[PDB]
Amino acid sequence: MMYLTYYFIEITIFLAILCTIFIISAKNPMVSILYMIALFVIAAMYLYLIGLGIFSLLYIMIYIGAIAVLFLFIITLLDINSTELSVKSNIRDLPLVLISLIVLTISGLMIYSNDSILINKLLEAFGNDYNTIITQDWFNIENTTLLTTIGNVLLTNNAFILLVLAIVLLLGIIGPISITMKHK
Amino acid sequence: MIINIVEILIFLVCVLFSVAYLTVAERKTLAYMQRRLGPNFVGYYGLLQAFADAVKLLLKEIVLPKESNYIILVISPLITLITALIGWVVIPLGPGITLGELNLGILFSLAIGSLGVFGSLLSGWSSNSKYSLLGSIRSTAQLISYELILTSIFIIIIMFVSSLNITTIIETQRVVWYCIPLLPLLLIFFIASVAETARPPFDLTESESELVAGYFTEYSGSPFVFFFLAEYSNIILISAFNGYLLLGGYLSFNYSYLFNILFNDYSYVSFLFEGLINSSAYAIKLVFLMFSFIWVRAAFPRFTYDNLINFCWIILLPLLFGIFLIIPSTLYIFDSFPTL
Amino acid sequence: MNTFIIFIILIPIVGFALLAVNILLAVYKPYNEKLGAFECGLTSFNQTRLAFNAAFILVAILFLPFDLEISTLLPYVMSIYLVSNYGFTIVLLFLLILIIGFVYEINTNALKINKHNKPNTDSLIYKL
Amino acid sequence: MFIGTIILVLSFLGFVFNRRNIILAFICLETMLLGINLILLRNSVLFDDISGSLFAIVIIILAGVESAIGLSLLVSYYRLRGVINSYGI
Amino acid sequence: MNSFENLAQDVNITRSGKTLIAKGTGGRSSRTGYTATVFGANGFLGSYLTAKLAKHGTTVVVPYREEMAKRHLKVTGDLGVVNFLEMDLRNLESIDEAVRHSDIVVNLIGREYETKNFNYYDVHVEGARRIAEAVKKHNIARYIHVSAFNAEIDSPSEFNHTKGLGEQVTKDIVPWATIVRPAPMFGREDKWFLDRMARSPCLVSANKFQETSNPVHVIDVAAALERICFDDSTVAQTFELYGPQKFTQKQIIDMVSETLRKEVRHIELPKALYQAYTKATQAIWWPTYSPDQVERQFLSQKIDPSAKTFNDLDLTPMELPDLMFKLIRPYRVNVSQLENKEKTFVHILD
Amino acid sequence: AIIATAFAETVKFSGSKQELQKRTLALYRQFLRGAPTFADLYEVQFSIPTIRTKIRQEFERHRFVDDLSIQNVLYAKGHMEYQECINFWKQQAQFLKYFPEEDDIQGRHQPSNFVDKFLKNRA
Amino acid sequence: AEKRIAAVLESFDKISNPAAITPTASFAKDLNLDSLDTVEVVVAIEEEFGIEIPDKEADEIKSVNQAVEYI
Amino acid sequence: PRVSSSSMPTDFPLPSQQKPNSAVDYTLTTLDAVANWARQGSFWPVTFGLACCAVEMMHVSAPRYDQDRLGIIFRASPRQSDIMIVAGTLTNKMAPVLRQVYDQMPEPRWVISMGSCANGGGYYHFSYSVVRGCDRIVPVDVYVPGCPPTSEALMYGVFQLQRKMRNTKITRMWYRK
Ligand SMILES: NC(=O)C1=CN([C@@H]2O[C@H](COP(=O)(O)OP(=O)(O)OC[C@H]3O[C@@H](n4cnc5c(N)ncnc54)[C@H](OP(=O)(O)O)[C@@H]3O)[C@@H](O)[C@H]2O)C=CC1
Ligand code: SF4
C-alpha cells in the first residue's frame with residue numbers, strides 16, 4: 001500500500017517520460033499514435049491523483065475518443081513514408097539535444113521562483129519537503145463541484161468567451177469544408 | 001474485502017452468463033419468428049449451446065496472417081472486450097446498489113463508450129489489406145456518427161436532472177419515466193443504439209463489404225470470442241443506458257402499501273424482497289430491449305453506407321439540435337430549471 | 001480497494017486468462033498457404049492506396065467540432081439552475097451560432113458522395 | 001510542475017529533432033498542449049481557483065479545433081501529391 | 001503420356017519370388033505392382049516418401065497411431081492405393097499385420113526426445129528390433145532402415161548411441177537390410193531447423209553455434225529412398241545422405257536473417273544452465289528442445305569414409321542457399337521518380 | 001455499354017507480314033517488360049532471367065511459320081496469353097504449366113535408346 | 001555514363017568479341033544480334049537506367065550511339 | 001550410455017479396442033468427452049456451394065429441418081469454420097481455389113463431400129473440364145451419395161461425421177504416446 005500508493009505520482013511521472021520516448025522512437029507511426037494514447041491515459045491518472053477526476057474523464061472523452069480517433073483515421077487513409085531512428089541520421093543531434101535538455105528543463109523549473117539569486121531560483125523548485133494540512137469548514141451548504149462552477153463562470157462571468165468559442169468552432173466546420181471539398 | 005470479492009463475483013457471473021444466454025435467446029427468437037425451432041439439442045432445450053460454442057472456439061487454432069501486426073490483431077479485440085465489460089461497473093440494480101457509485105457515473109459511461117471505436121479502427125490495420133482498411137474506415141465513421149446522437153440524448157436528459165449520478169437520474173423518474181414526455185427520444189435512442197452496435201439494419205461492414213465477414217474475417221479462436229462477447233455485452237449495456245435514461249431503471253410501481261401489509265419491520269427478508277423487485281424491474285426492461293434488437297434484425301433489410309450517414313447527419317442531428325433549443329425553453333417558460 | 005477498482009483490475013485478467021487457455025490448448029501449425037490473407041479464395045496484387053472520396057475525410061474531421069459543441073453543453077446542464085435566465089439566453093445564442101454552421105454544412109452538401117456516372121439525358125438530333 | 005514540464009520539454013525536443021515523419025510533429029504538438037494543461041491544473045488545485053480550470057477547458061476545446069484544421073491542411077496537401085515524404089511539409 | 005520414372009523395366013522379380021508386372025503408363029491410374037509399408041509415414045520425411053510411392057501406383061500400407069494425423073496421405077494415390085492400419089509398437093500382431101503383404105518395408109520411426117512411454121532405447125532399439133523381427137519372419141524382399149548421421153554406439157549422445165544400437169540390432173536380425181543415415185534435413189515445415197529459426201523468440205546455443213553438418217533437402221532424401229527402394233543392388237549397403245557444402249549453425253542463421261530481412265536473435269548460454277532448462281521444460285506435454293539435443297549441439301557431423309552416397313544413386317543434392325527463400329517465404333518482413341509520377345494521378349474525388 | 005478490360009487489343013488480322021512483324025516485336029517487348037511483375041504475382045521459385053528465357057523460347061518456336069493467317073492467329077493468341085498473365089487472372093497453378101523444366105527430377109529412368117525404351121514397353 | 005551501357009550490352013550471349021562494342025556499333029550489323037536480341041538489349045538498357053522508353057523511339061533504336069543519344 | 005534394455009509389453013491393445021481402467025484413463029476420457037461434445041455441438045461449416053447440391057444444403061437450413069437446432073451455423077470465412085462441405089461439381093478452373101480455401105481453415109478441420117459430382121465426378125465424370133472427385137484435391141472424411149442427396153441424406157452424413165468426432169482420441173491419444 002503505502003510505499004506504492006505514496007509514489008503513485010512519481011510512477012506516473014516515470015511512465016510519462018518512458019511514453020514520450022516511445023512516441024518519438026516508434027518505427028510505425030500508428031504505434032506512435034498508440035503510445036500517444038498511452039500518454040493520455042497516464043495524464044488522466046495524474047489528474048485523478050491530484051483530485052480532478054472530472055478532467056480525467058473529459059480527457060478520455062475528447063483527446064482519446066475524438067482526437068486520437070481522427071489521428072488514426074487519417075493515418076489509415078493516407079500514404080505516409082517514415083524513416084527509422086538510426087545513428088547515421090540522429091547521433092548528430094545528441095550534443096544539441098543534451099544542451100537543450102539541460103537548459104530548457106532548468107529554466108522551466110526556474111520560471112516559477114521569486115528569488116533574486118539564480119541558484120536560489122533553481123533550488124526553490126525542489127523545495128516541497130512538507131505536507132499540506134487539509135482542514136474542514138462548514139460554510140458550503142450547496143453541492144457544487146468543479147463542473148458546476150465551470151458552467152457558472154463560463155455562462156455568466158465569461159459569457160463572451162463562450163460566444164467567441166462558438167465562432168472558433170464555426171471555423172472548425174467552415175474551414176475544413178472550404179479546403180477539402182471542391183465546389184461545382 | 002471478502003464482501004467486496006463476493007459482490008464482484010456475483011455481479012460478474014450474472015453479466016457474463018446473461019451475455020452467454022443472449023446469443024441463445026437471439027437464435028431461438030429469430031427461429032420462432034422464422035417458423036423454426038433454433039437450438040434445442042445442445043443441452044436440454046438447447047440451454048448449453050453458448051457454452052459449446054465457447055469451448056469449441058477456445059480449442060480452435062489462432063491464425064496470424066503473414067502481412068499482419070500479430071500483436072495488434074490479438075490485443076484489439078481484447079481491449080474492445082475490456083472496455084465493453086468495464087462499462088458495467090456503474091449500472092445500478094437498486095438505489096446505490098452498484099459496484100461503482102460514482103457522482104460522475106454518466107461521464108464514465110460516455111467516456112468508456114467513446115473508447116468503443118478502437119476495435120474496428122485497429123482491426124483493419126491488423127493486416128495489410130486495402131479491403132480491410134476501407135471497411136474499417138466506414139465502420140468507424142458510422143460509429144462516431146451515431147456516438148454524437150447518443151451523447152446528445154444523454155445531455156438532453158441531464159437537462160431535466162442536473163446530476164451525473166446514475167442513481168439520482170433513476171430516482172427522479174419516480175414521478176414519471178422520461179420516455180413519457182420524450183417518447184420520440186426513446187425511438188431515436190433505440191435507433192442510434194442499434195446503429196452504434198453495428199447491428200442490422202446497420203451492419204454494412206460485415207454483410208456488404210469487400211471482405212466476406214467484416215473486419216473479423218481474419219479472426220479465429222479466442223480473438224473471435226472476444227469480438228463476439230464484446231458485441232453482445234455492448235448490446236445489453238447500451239440497453240441499460242436506455243433503461244436508466246428513459247425507462248426509469250429499477251423502478252416499477254409503488255410497493256409501499258404491499259410491503260406495509262407483508263412486513264411490520266425491517267429485516268433481511270424485506271430487504272431481499274425489495275432488492276428482488278427492483279432488480280426484476282430493470283431486468284424485464286432489459287429483456288424487452290434485447291427482444292427488440294432481435295425483432296428489428298428479423299424484420300428489415302440493410303442500409304447502405306451513404307443511406308446511414310445521410311440518416312445520421314441530415315435527418316437525426318438537425319432534430320436533436322432543435323430539441324436542444326426547445327427543452328430549456330420549456331423549462332424557462334414554466335420556471336422549472338432543476339436544482340442540483 | 002473498493003469494488004470499483006477490484007472489478008476494473010479483474011476484467012483484463014479474465015481476458016488474458018481466456019487468451020492463455022486458447023494458446024495452451026489449441027494446436028499451432030502455421031504454413032504458407034494457411035498464412036495467406038483470405039480474399040474469396042484468390043490472390044490479389046498489392047496496390048497503391050486507394051483513392052478515396054472527400055466525404056470519408058469530412059465525416060471524421062467534422063465529428064470533432066460537433067463533438068466539442070455537444071460536450072461544451074455539459075457545464076450548462078450541470079449549472080442550469082444557478083445561471084437560470086441569463087445563462088439560458090447565453091446558451092441559446094451559443095446554440096444558434098453553431099446551428100448556422102450546421103446550415104452551412106447542409107447547404108453545401110458536404111457529406112454527399114455523388115455518383116460520378118449519370119445517365120445521359122442529351123436529345124438525339126439528326127442533321128437532315 | 002514536474003510531469004507537465006517534462007512532457008512539454010520532451011515533446012518539444014521530439015518535434016524539433018524529428019527527422020522521421022510528419023505525424024510525429026502533429027503528435028508532439030498535441031502532447032505539448034497536454035503538458036501545459038497539466039501544469040495549469042495543478043496550480044489551479046493548489047490555489048483553489050477556478051480560473052486555471054476555466055483556461056484548461058478552453059485549451060481543450062481549442063486543441064480539438066486545431067487538430068481538425070491541421071488534419072484538413074494535411075489532407076489538402078496530400079490531394080496534390082498523393083504521398084507524404086519524410087520531409088512532407 | 002506419363003512414365004514410370006522409378007522403374008528400370010516393366011517386369012520385375014522380387015527377391016522373394018514374386019512376379020510384378022507394371023500396368024499403364026505411370027500416372028495415377030497405373031500400378032507398379034509393388035507393395036510397400038512405410039513406418040512413420042505421417043511424419044516429415046515419410047509424407048514425401050509416401051507421396052512419391054503413391055504417385056506411380058505402388059500400394060502403400062501406412063501404419064498409424066492417431067487417425068486425424070494421417071488423413072492428408074490419402075490424397076496422394078488413386079482409390080485403393082493408400083491403405084491405413086492401426087499400429088502400436090507394443091502390439092506385435094499389429095506390426096505383423098503391417099508388414100505381411102509387402103515387397104518393401106521402410107522404417108522411419110524415430111523421436112528427438114523421450115516420452116513417458118518411450119525412452120530412446122525403447123523407440124530406436126526395441127522398436128527397430130521388433131520391426132526387423134517381423135521382416136525376417138515374413139522374409140520381406142527389401143528392408144530399408146533409417147538412422148541418423150553421427151549414429152555411433154559409444155556416443156556421448158543418447159540419441160546417437162541408441163541409433164547405433166538400432167543399426168547393429170537391425171543388421172544382426174535382417175542381414176540384407178539397407179541402412180540410411182541422413183544429415184539434418186531442411187524443408188517445408190521442417191523439425192528443429194529452418195522453420196524454428198524463422199519464428200523462434202530466441203535461439204539459445206551452448207556451443208556458440210559452432211557445430212557443422214552438411215544439411216540436406218528432405219525432397220532429395222525421399223528421392224534417394226525411392227531409388228534405393230526400387231534397385232535391388234542396394235541390398236546390405238550403408239548410405240550416408242548429406243548435402244553438398246558444409247555449414248556452421250551461425251552461418252545458417254546468417255543466411256536465414258539475410259533472406260528474411262529480419263535479424264534472428266541468438267543467445268549463448270552455459271551448457272549447465274541450458275541443460276537444466278531443457279530438462280525442466282521436458283515436463284510439459286508438447287515437444288520441446290531436448291537435453292540430448294543440447295548434448296548433440298557439441299557434435300559436428302562425421303561422414304563415414306566408406307559408405308555409399310547420393311552419387312551411387314545418380315542423384316545431385318540441391319543447395320540450401322538457393323532453396324532458402326522458397327522454403328521460408330511466408331516469414332519475410334515485406335522515390336524521386338515516384339513523386340513526379342504520383343503528381344499526375346488523382347488521390348481524392350467527390 | 002460493355003467496355004474492354006486492361007490490356008485488351010481489338011482483333012485485327014494484319015494484311016501484311018511486315019505490319020504483323022511490328023506488332024509481334026511489340027508483344028515480345030511487353031512480355032519481357034512484364035517478367036518481373038510475373039515473378040511477383042506468381043510467387044515463383046525461379047529467377048527473372050529464367051522467365052525471360054522461357055518467353056524467348058516460346059517466341060522462337062514459331063520463328064519459321066510462313067502463312068500469314070497462321071501468324072495472325074498465333075499473334076492474337078499470344079496477346080490473349082499476355083493479357084491473362086499481366087492481369088493476375090491466372091493462378092500460380094496454370095502459370096507454372098509453362099515451366100515444366102523448373103520442377104525437380106521426376107526419377108532415375110528417362111529412356112533415350114531403343115533398349116531402355118523396350119524394357120519399359122515404350123519402344 | 002556510356003560505360004554502363006557498354007557493361008549492360010557486353011554481358012549477353014551470341015557475341016564472341018566483347019571489345020567490339022565501339023560507341024557507334026550497330027547490333028544487327030556488327031554484333032549479329034537478332035531482332036528478338038535487339039528487343040532484349042533495349043529492355044536491359046531501359047531497366048538498368050530505370051527509364052521507360054516508348055514504342056516508336058524503342059523500335060527506331062538500332063545501335064549503341066542511338067542508345068547514348070537517347071540515354 | 002546407460003539404459004540398455006526394454007520392458008515394453010507385447011499385447012498392448014490398439015486404440016480402437018482400449019478401454020479406461022485407471023482413473024487417469026477416466027480423467028482423460030472425461031476431458032475428451034467434453035472436447036468432442038463441444039466439437040459436435042458447435043458445428044460450423046464453410047460452404048463451397050458449387051451447384052445444384054447447394055440447393056439441398058439450403059433446405060437443410062430451411063424450417064422443416066432447421067440445421068441450427070443442432071448447433072450448425074454456416075460461416076462465410078474459412079477462418080471461422082471447422083467443416084468444409086463440397087457441394088457441387090468441382091471444375092479444373094476451380095480446383096486451386098478450393099485447395100486454397102481448405103488450407104486457410106484453422107485446425108482441427110474436416111471435409112464432407114456431398115453429391116456424385118463432388119464424390120467422383122457424377123454425370124460429368126468424362127468431361128475435359130471436371131475434377132473426378134474432390135478427394136483428388138483435399139482429404140475427405142465423409143462421402144454423401146445422391147444427385148442431389150436429399151436434405152435428410154445430408155443430415156445423416158453430418159451425423160456420421162459427428163459419430164467420428166465423438167470417437168476421437170485426443171488426450172487419450174497423447175497418453176498413448
Ligand atoms: N529431420 C532430420 O533432420 C533427421 C531425421 N532423422 C530420422 O528420420 C526419421 C524420420 O524423420 P522425421 O520425418 O523428420 O521425424 P518425424 O518426427 O516427423 O516422424 C517420425 C515418425 O516416427 C513415428 N514415431 C516416433 N515415435 C514413435 C513411436 N513410439 N511409435 C510409433 N511411431 C513413432 C512418428 O509417429 P507419430 O506421428 O504417431 O508420433 C512419426 O511418424 C527418424 O527416424 C529420424 O530419427 C535422422 C537424421 C536427420
Ligand atoms: S451431384 Fe447432382 S445435384 Fe449435386 S451438383 Fe452434381 S449434378 Fe447437381
# chains A, B, ... in the order shown; residues from 1 in each chain; ligands from 1
call {"tool": "residues_near_ligand", "arguments": {"ligand": "ligand 2", "cutoff": "7 Å", "atoms": "only C-alpha atoms and all ligand atoms", "output": "VMD selection string"}}
result
chain H and resid 50 to 53 87 to 89 115 to 118 122 to 123 146 to 148
call {"tool": "select_by_dssp", "arguments": {"residues": "chain C", "states": "strand (DSSP E or B)", "output": "PyMOL selection string"}}
result
chain C and resi 39+42+52-53
call {"tool": "write_last_selection", "arguments": {"atoms": "N, CA, C and O atoms", "output": "short mmCIF file (atom, residue, chain, number, x, y, z; two decimals), in the first residue's frame"}}
result
data_model
loop_
_atom_site.label_atom_id
_atom_site.label_comp_id
_atom_site.auth_asym_id
_atom_site.auth_seq_id
_atom_site.Cartn_x
_atom_site.Cartn_y
_atom_site.Cartn_z
N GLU C 39 -9.08 -13.71 -49.25
CA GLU C 39 -9.86 -12.86 -50.15
C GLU C 39 -10.56 -13.77 -51.15
O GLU C 39 -10.09 -13.98 -52.27
N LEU C 42 -8.95 -16.36 -53.73
CA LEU C 42 -7.95 -15.98 -54.72
C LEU C 42 -6.86 -15.13 -54.08
O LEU C 42 -6.83 -14.92 -52.86
N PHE C 52 -9.67 7.84 -52.32
CA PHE C 52 -10.90 7.86 -51.54
C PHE C 52 -11.66 9.14 -51.82
O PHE C 52 -11.13 10.11 -52.38
N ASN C 53 -12.92 9.13 -51.42
CA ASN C 53 -13.77 10.29 -51.59
C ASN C 53 -13.57 11.26 -50.43
O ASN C 53 -13.12 10.89 -49.34
#
call {"tool": "residues_around", "arguments": {"residues": "residue E:216", "least_positions_apart": "2", "cutoff": "6 Å", "atoms": "only C-alpha atoms", "output": "PyMOL selection string"}}
result
chain E and resi 185+242-243
call {"tool": "write_last_selection", "arguments": {"atoms": "C-alpha atoms", "output": "CSV table (one decimal), in the first residue's frame"}}
result
chain,number,residue,atom,x,y,z
E,185,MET,CA,17.0,-32.3,-43.1
E,242,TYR,CA,24.4,-35.5,-46.8
E,243,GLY,CA,24.3,-32.2,-48.6
call {"tool": "residues_near_ligand", "arguments": {"ligand": "ligand 1", "cutoff": "9 Å", "atoms": "only C-alpha atoms and all ligand atoms", "output": "PyMOL selection string"}}
result
(chain E and resi 39-47+63-66+69-70+87-90+107-112+115+117-119+122-124+127+145-150+159+163+180-186+190-193+215-216+218) or (chain H and resi 177)
call {"tool": "closest_residue", "arguments": {"among": "C:41, C:127, C:79, C:50", "to": "chain F", "atoms": "only C-alpha atoms"}}
result
C:41
call {"tool": "residues_around", "arguments": {"residues": "residue A:155", "least_positions_apart": "4", "cutoff": "9 Å", "atoms": "only C-alpha atoms", "output": "MDAnalysis selection string"}}
result
(chainID A and resid 150:151 159:162) or (chainID C and resid 75:76 79 83 86:88 90:91)
call {"tool": "closest_residue", "arguments": {"among": "F:100, F:121, F:94, F:88", "to": "residue F:6", "atoms": "only C-alpha atoms"}}
result
F:88
call {"tool": "interface_residues", "arguments": {"of": "chain C", "to": "chain E", "cutoff": "12 Å", "atoms": "only C-alpha atoms", "output": "number ranges by chain"}}
result
C: 24-37, 46, 48-58, 109-117
call {"tool": "interface_residues", "arguments": {"of": "chain E", "to": "chain F", "cutoff": "7 Å", "atoms": "only C-alpha atoms", "output": "MDAnalysis selection string"}}
result
chainID E and resid 5:10 326
call {"tool": "write_last_selection", "arguments": {"atoms": "N, CA and C atoms", "output": "PDB file, in the first residue's frame"}}
result
ATOM      1  N   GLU E   5       9.021 -43.303 -64.007  1.00  0.00           N
ATOM      2  CA  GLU E   5      10.392 -42.827 -63.859  1.00  0.00           C
ATOM      3  C   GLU E   5      11.164 -43.586 -62.786  1.00  0.00           C
ATOM      4  N   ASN E   6      10.468 -44.243 -61.858  1.00  0.00           N
ATOM      5  CA  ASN E   6      11.127 -45.015 -60.814  1.00  0.00           C
ATOM      6  C   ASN E   6      11.548 -46.405 -61.280  1.00  0.00           C
ATOM      7  N   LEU E   7      10.879 -46.966 -62.280  1.00  0.00           N
ATOM      8  CA  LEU E   7      11.140 -48.337 -62.703  1.00  0.00           C
ATOM      9  C   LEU E   7      12.137 -48.364 -63.853  1.00  0.00           C
ATOM     10  N   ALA E   8      13.110 -49.271 -63.764  1.00  0.00           N
ATOM     11  CA  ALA E   8      14.003 -49.524 -64.889  1.00  0.00           C
ATOM     12  C   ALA E   8      13.314 -50.333 -65.982  1.00  0.00           C
ATOM     13  N   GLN E   9      12.529 -51.339 -65.605  1.00  0.00           N
ATOM     14  CA  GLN E   9      11.845 -52.182 -66.572  1.00  0.00           C
ATOM     15  C   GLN E   9      10.410 -52.416 -66.116  1.00  0.00           C
ATOM     16  N   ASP E  10       9.647 -53.113 -66.956  1.00  0.00           N
ATOM     17  CA  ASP E  10       8.215 -53.302 -66.771  1.00  0.00           C
ATOM     18  C   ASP E  10       7.895 -54.592 -66.022  1.00  0.00           C
ATOM     19  N   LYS E 326      12.611 -19.786 -51.102  1.00  0.00           N
ATOM     20  CA  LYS E 326      11.389 -20.546 -51.326  1.00  0.00           C
ATOM     21  C   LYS E 326      10.921 -21.220 -50.045  1.00  0.00           C
TER      22      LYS E 326
END
call {"tool": "closest_residue", "arguments": {"among": "B:65, B:39, B:223, B:77", "to": "chain E", "atoms": "only C-alpha atoms"}}
result
B:65
call {"tool": "select_by_dssp", "arguments": {"residues": "stretch 32-171 of chain B", "states": "helix (DSSP H, G or I)", "output": "compact mmCIF listing (two decimals) with C-alpha atoms, in the first residue's frame"}}
result
# COMPACT_ATOMS: atom_id res chain seq x y z
CA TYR B 32 -39.59 -18.86 -33.99
CA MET B 33 -40.12 -15.68 -35.98
CA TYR B 44 -31.69 -29.69 -22.55
CA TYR B 45 -33.85 -27.35 -24.64
CA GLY B 46 -30.59 -26.18 -26.20
CA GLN B 49 -25.42 -24.09 -26.86
CA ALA B 50 -23.42 -20.97 -25.98
CA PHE B 51 -21.03 -22.94 -23.78
CA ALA B 52 -20.46 -25.44 -26.60
CA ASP B 53 -19.60 -22.56 -28.94
CA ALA B 54 -17.25 -21.09 -26.34
CA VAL B 55 -15.37 -24.34 -25.68
CA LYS B 56 -15.13 -25.08 -29.41
CA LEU B 57 -13.63 -21.65 -30.05
CA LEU B 58 -11.27 -21.91 -27.08
CA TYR B 70 0.04 -10.03 -34.83
CA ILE B 71 0.22 -8.14 -31.53
CA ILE B 72 -2.26 -5.50 -32.68
CA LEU B 73 -4.63 -8.16 -34.03
CA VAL B 74 -4.56 -10.09 -30.76
CA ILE B 75 -4.90 -7.04 -28.48
CA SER B 76 -7.52 -5.05 -30.40
CA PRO B 77 -10.40 -7.48 -29.64
CA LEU B 78 -9.06 -7.81 -26.09
CA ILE B 79 -9.31 -4.06 -25.47
CA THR B 80 -12.77 -3.84 -27.03
CA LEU B 81 -13.98 -6.58 -24.69
CA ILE B 82 -12.26 -4.97 -21.71
CA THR B 83 -13.89 -1.58 -22.28
CA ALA B 84 -17.23 -3.27 -23.01
CA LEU B 85 -17.16 -5.06 -19.66
CA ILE B 86 -15.77 -2.07 -17.70
CA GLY B 87 -18.92 -0.23 -18.72
CA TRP B 88 -20.95 -2.43 -16.34
CA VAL B 89 -19.28 -1.09 -13.18
CA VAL B 90 -21.73 1.84 -12.87
CA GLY B 105 -21.21 7.98 -13.46
CA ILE B 106 -22.82 9.39 -16.61
CA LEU B 107 -19.47 10.85 -17.64
CA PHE B 108 -17.86 7.46 -17.02
CA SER B 109 -20.48 5.83 -19.25
CA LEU B 110 -19.81 8.29 -22.08
CA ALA B 111 -16.01 8.08 -21.83
CA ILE B 112 -15.83 4.28 -21.74
CA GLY B 113 -18.37 4.27 -24.57
CA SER B 114 -16.18 6.55 -26.68
CA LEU B 115 -13.40 4.01 -26.22
CA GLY B 116 -15.59 1.60 -28.26
CA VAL B 117 -14.49 2.57 -31.80
CA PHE B 118 -10.90 1.41 -31.47
CA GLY B 119 -11.62 -2.23 -32.22
CA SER B 120 -12.94 -1.52 -35.70
CA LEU B 121 -10.19 1.04 -36.27
CA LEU B 122 -7.31 -1.23 -35.23
CA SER B 123 -8.65 -4.48 -36.72
CA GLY B 124 -8.25 -3.23 -40.28
CA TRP B 125 -4.71 -2.07 -39.61
CA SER B 126 -4.02 -5.51 -38.14
CA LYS B 130 -6.85 -2.30 -48.57
CA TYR B 131 -10.23 -4.04 -48.49
CA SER B 132 -9.79 -4.22 -44.72
CA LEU B 133 -8.77 -0.58 -44.36
CA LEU B 134 -11.76 0.72 -46.33
CA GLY B 135 -14.20 -1.46 -44.38
CA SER B 136 -12.75 -0.42 -41.03
CA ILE B 137 -12.89 3.24 -42.11
CA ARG B 138 -16.60 3.00 -42.91
CA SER B 139 -17.48 1.18 -39.73
CA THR B 140 -15.55 3.77 -37.69
CA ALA B 141 -17.35 6.62 -39.46
CA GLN B 142 -20.74 5.07 -38.66
CA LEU B 143 -19.72 4.51 -35.02
CA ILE B 144 -18.62 8.09 -34.30
CA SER B 145 -21.58 9.49 -36.25
CA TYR B 146 -24.10 7.75 -34.02
CA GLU B 147 -21.99 8.42 -30.92
CA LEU B 148 -22.95 12.06 -31.49
CA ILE B 149 -26.66 11.15 -31.40
CA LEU B 150 -26.33 9.13 -28.19
CA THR B 151 -24.34 11.87 -26.44
CA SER B 152 -26.92 14.48 -27.44
CA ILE B 153 -29.73 12.43 -25.91
CA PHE B 154 -27.69 11.99 -22.71
CA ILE B 155 -27.29 15.77 -22.43
CA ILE B 156 -30.98 16.34 -23.16
CA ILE B 157 -31.84 14.02 -20.25
CA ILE B 158 -29.38 15.70 -17.88
CA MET B 159 -31.19 18.97 -18.65
CA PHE B 160 -34.08 17.56 -16.55
CA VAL B 161 -31.94 16.34 -13.65
CA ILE B 166 -26.95 7.42 -12.34
CA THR B 167 -28.88 6.54 -9.17
CA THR B 168 -30.10 10.15 -8.88
CA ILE B 169 -31.23 10.18 -12.52
CA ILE B 170 -33.21 6.99 -11.89
CA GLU B 171 -34.61 8.38 -8.62
call {"tool": "atom_distance", "arguments": {"atom1": "atom CA of residue E:302", "atom2": "atom CA of residue E:253"}}
result
21.2 Å
